[PDB]
Amino acid sequence: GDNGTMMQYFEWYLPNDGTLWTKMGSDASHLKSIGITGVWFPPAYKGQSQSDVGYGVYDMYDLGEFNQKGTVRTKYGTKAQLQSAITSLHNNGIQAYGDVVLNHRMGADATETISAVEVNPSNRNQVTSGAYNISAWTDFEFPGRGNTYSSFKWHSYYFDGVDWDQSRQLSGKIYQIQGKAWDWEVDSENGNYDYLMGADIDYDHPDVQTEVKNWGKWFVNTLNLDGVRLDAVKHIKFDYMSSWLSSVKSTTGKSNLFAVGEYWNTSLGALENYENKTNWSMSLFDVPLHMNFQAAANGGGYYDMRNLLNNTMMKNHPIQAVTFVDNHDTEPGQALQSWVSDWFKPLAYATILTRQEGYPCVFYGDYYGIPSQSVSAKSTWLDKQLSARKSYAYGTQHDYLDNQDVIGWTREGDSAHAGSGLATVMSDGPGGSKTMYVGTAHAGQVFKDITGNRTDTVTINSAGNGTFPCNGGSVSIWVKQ
Ligand SMILES: OC[C@H]1O[C@H](OC[C@H]2O[C@H](O[C@H]3[C@H](O)[C@@H](O)[C@@H](O)O[C@@H]3CO)[C@H](O)[C@@H](O)[C@@H]2O)[C@H](O)[C@@H](O)[C@@H]1O
Ligand SMILES: OC[C@H]1O[C@H](O[C@H]2[C@H](O)[C@@H](O)[C@@H](O)O[C@@H]2CO)[C@H](O)[C@@H](O)[C@@H]1O
Ligand SMILES: OC[C@H]1O[C@H](O)[C@H](O)[C@@H](O)[C@@H]1O
Ligand SMILES: OC[C@H]1O[C@H](O)[C@H](O)[C@@H](O)[C@@H]1O
Ligand SMILES: [Ca+2]
Ligand SMILES: [Ca+2]
Ligand SMILES: [Ca+2]
Ligand code: NA
């Protein structure tokens, strides 16, 4: 067993040129050489416009195959182009995880007149008006697809709520459809966080429950997926999501189907809750670790690096942790902007890539850069960290998370991977050394900094210890020369 490494193969500000699937296909053998074992690709189905990033879901049966919303292709390309890309990933032994967006729909084909009440955006449980008629965007007819793959049409009675009355056109409102209840169990911020945006799917209605589990089967079968990435799980009835996932595993026979959910909450408690209510059947993005990386990045050297891993899925539930530094939602100008500055980013990526805890995820925005926000590509130095992970980050780990500035850990090596073993050392502050145990096995061997940040070498004494230096505000990853 080789280490596993995910890559989010998109960012928010990609150009709308229908080329991402093409590119992903080409990149397959390159991704294999740098140690990517799995690729998370963005919502592949038709959004409300050609340029939609994917979260403005229109038709989940249109993988850029049908002419709807004025385009055949999605922002990313055609069903044909996606299938070639997935084949190419598979030919290079890389897993394909599809982004699955179940919370809502938008770009309804027409309005329906329906009775609804206003609820309080701070407390969706509290009603704030009498019933009355609104013009709600709840009619999904799918005219360019007709009945190919599914004749299921969405109407008002399949949604719990909307944020727009077309007849009166008012901001700041959340409408609950008459005789509907916000689903449960959901995140309890705003009393009930079932409603986020668009037309909120009612996961109480059992026609919806069995249609969405069919969609699941069709999606995973049609693209031959190894896994799913689940958008907005905090806003979706936990029991249904737990059964949605075991239904798809069962109906497809992919019973080892990988699943990671976006539960966006800075509190480990909330995440633990979601895991408990879903039988630990899926992993979660380590959002608390991301927040810690940001705090250290903005600490100007004064963050207490001993606390870097506190209150994280990485430390506390490593088998269900998907670790990340930044994503499409945290990048500059997006909704959860919490960017990790350039100087700290290598310390963060060294943390998720050289430690035994977590399934780490490399951001496309980091690897290839974000031109629209003047972010350099980090590919040159990331390649060296990914080399460390692929070929050296193996065997017993020893942790030295024991100073405000300088911290480190070692990996002894396993016999399965030749020459394997490393010592990672990093400082949020001035440069220094740590004496750490890499194993008596390595005695007399000479270590180099695979990052290139330092040109000196460390000789391992016969007790199996080295004294490993790093630069100020940098990281060095030491391996057998
Ligand atoms: O119209 C609704 C909303 O849309 C965007 O929000 C995007 C993100 O919403 C969720 O995250 C919320 C957190 O769960 C709350 O803790 C708090 O921090 O607020 C954010 C949203 O502002 C969701 O879980 C993420 O996947 C979404 O991308 C807009 O930016 C909001 O201003 C709108 O209210
Ligand atoms: O008729 C124009 C356009 O109106 C809507 O766009 C809304 C959106 O739905 C609301 O959720 C909110 O953000 O205000 C926007 C203001 O323009 C419709 O949803 C859309 O289908 C329609 O074409
Ligand atoms: O954390 C487990 C993951 O590790 C690796 O990428 C495997 O290839 C994948 O199947 C597994 O789901
Ligand atoms: O906190 C609000 C919640 O209280 C209870 O748990 C109800 O069962 C649920 O339907 C409601 O929204
Ligand atoms: Ca409901
Ligand atoms: Ca919802
Ligand atoms: Ca410090
Ligand atoms: Na709902």
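Residues numbered from 1 in each chain as written, not as in the entry; some residues may be left out. Chains lettered and ligands numbered in written order. Heavy atoms only, no water.

As summarised from the PDB record, the model derives from X-ray crystallography at a stated resolution of 2.95 Å.

**Some words on the site of ligand 1**
As a matter of local geometry, ligand 1 sits amid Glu 189, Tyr 193, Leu 196, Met 197, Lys 234, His 235, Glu 262, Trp 264, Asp 329, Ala 335 and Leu 336. At 2.9 Å, a side-chain N or O of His 235 approaches an oxygen atom of ligand 1. About the coverage of ligand 1: the protein hides 60% of its 630 Å² of free accessible area. The residue makeup of the shell around ligand 1, split by class, is six nonpolar, one polar and four charged. Taken domain by domain, the makeup of the shell around ligand 1 includes at least three residues from each of domain 1 (1-102 + 206-394) and domain 2 (103-205). (Near = heavy atom within 4 Å. Polar contact = N/O pair within 3.5 Å; in protein donor to acceptor, adjacent residues only side chain to side chain. Areas by Shrake-Rupley, 256 points an atom, 1.4 Å probe, with all protein chains shown as cover. Nonpolar A, V, L, I, M, F, W, Y, C, P; charged D, E, K, R; others polar. Domains from an automatic or database assignment.)

**Examining the UniProt feature "binding site: Ca(2+) 2" (unreviewed entry) in the protein chain**
Here, UniProt's "binding site: Ca(2+) 2" (unreviewed entry) annotation points to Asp 160, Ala 181, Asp 183, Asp 202 and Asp 204. For this annotated set, covering 45 residues, all C-alpha atoms fall within 8.9 Å of each other, a compact arrangement in space. Mapped onto the secondary structure, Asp 183 falls in the loop between β11 (174-177) and β12 (199-201). Positionally, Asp 202 belongs in the loop between β12 and α3 (206-223). Residues within four places of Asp 202 in sequence aside, it is in contact with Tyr 158, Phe 159, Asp 160, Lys 180, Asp 183 and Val 208. Within the structure, the side chain of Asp 202 is placed 3.0 Å from the side chain of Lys 180, a separation counted as a polar contact. (UniProt positions renumbered as here; feature names shortened; annotations may be inferred. Helix = DSSP H or I, 4+ residues; strand = E, 2+ residues; numbered from the N terminus. Contact = heavy atoms within 4.5 Å.)

**Some thoughts on the coordination of the calcium ion (ligand 7)**
Surrounding the calcium ion (ligand 7) are the protein donor atoms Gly 301 (O), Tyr 303 (O), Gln 404 (O), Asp 405 (OD), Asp 428 (OD) and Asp 428 (OD), at 2.1 to 2.7 Å. Seen from the calcium ion (ligand 7), its six donor atoms lie at angles of 52 to 161°, and the figure they make is irregular. Motif for the calcium ion (ligand 7), donor spacing along one chain: G-x1-Y-x100-Q-D-x22-D. (Donors = N, O, S within 2.8 Å, 3.2 Å for Na, K, Ca; no water. Tetrahedral: all angles 85-135°; square planar, octahedral: opposite > 155°, others 65-115°.)

**Examining the sheet that holds strand β20 (residues 422-427)**
In spatial order, the strands read β18-β19-β20-β25-β22-β23; together these six strands make up an open sheet with antiparallel pairing. The open sheet has two edge strands with one neighbour each: β18 (397-400) and β23 (458-459). Pairing between strand β22 (residues 446-449) and strand β25 (residues 475-480): three bridges, direction antiparallel. Looking at the pairing, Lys 448 lines up with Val 479 of β25. (Pairing = 2+ DSSP bridges.)

**Focus on the domain arrangement of the protein chain**
On domain assignment, one finds that the protein chain holds domain 1 (1-102 + 206-394), domain 2 (103-205) and domain 3 (395-481). With 36 residues of domain 1 at the contact, the number on the domain 2 side is 33 residues. Roughly 3,000 Å² is buried in total at the junction of domain 1 and domain 2, and carbon and sulfur atoms are behind 53% of that figure. One can count four salt bridges joining domain 1 with domain 2. (Buried area = accessible area lost by both parts, 1.4 Å probe. Salt bridge = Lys/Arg side-chain N within 4 Å of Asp/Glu carboxyl O.)

**Some thoughts on the sheet that holds strand β13 (residues 227-230)**
Taken together, the eight strands give a closed barrel; going around it, the order is β1-β2-β5-β13-β14-β15-β16-β17, and neighbouring strands pair in parallel fashion. In this sheet, neighbouring strand axes are inclined to one another by 25° on average, regardless of whether the strands run parallel or antiparallel. Pairing of strand β1 (residues 6-8) with strand β17 (residues 359-363) involves three bridges; the strand directions are parallel. Bridged to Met 6 within β17 is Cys 361. Contacting β2 (38-41), β5 (95-100) and β13, α3 crosses the sheet at an angle of about 145° to β5. (Axes fitted to C-alpha atoms, helices over the stretch in contact; angles between N-to-C directions.)

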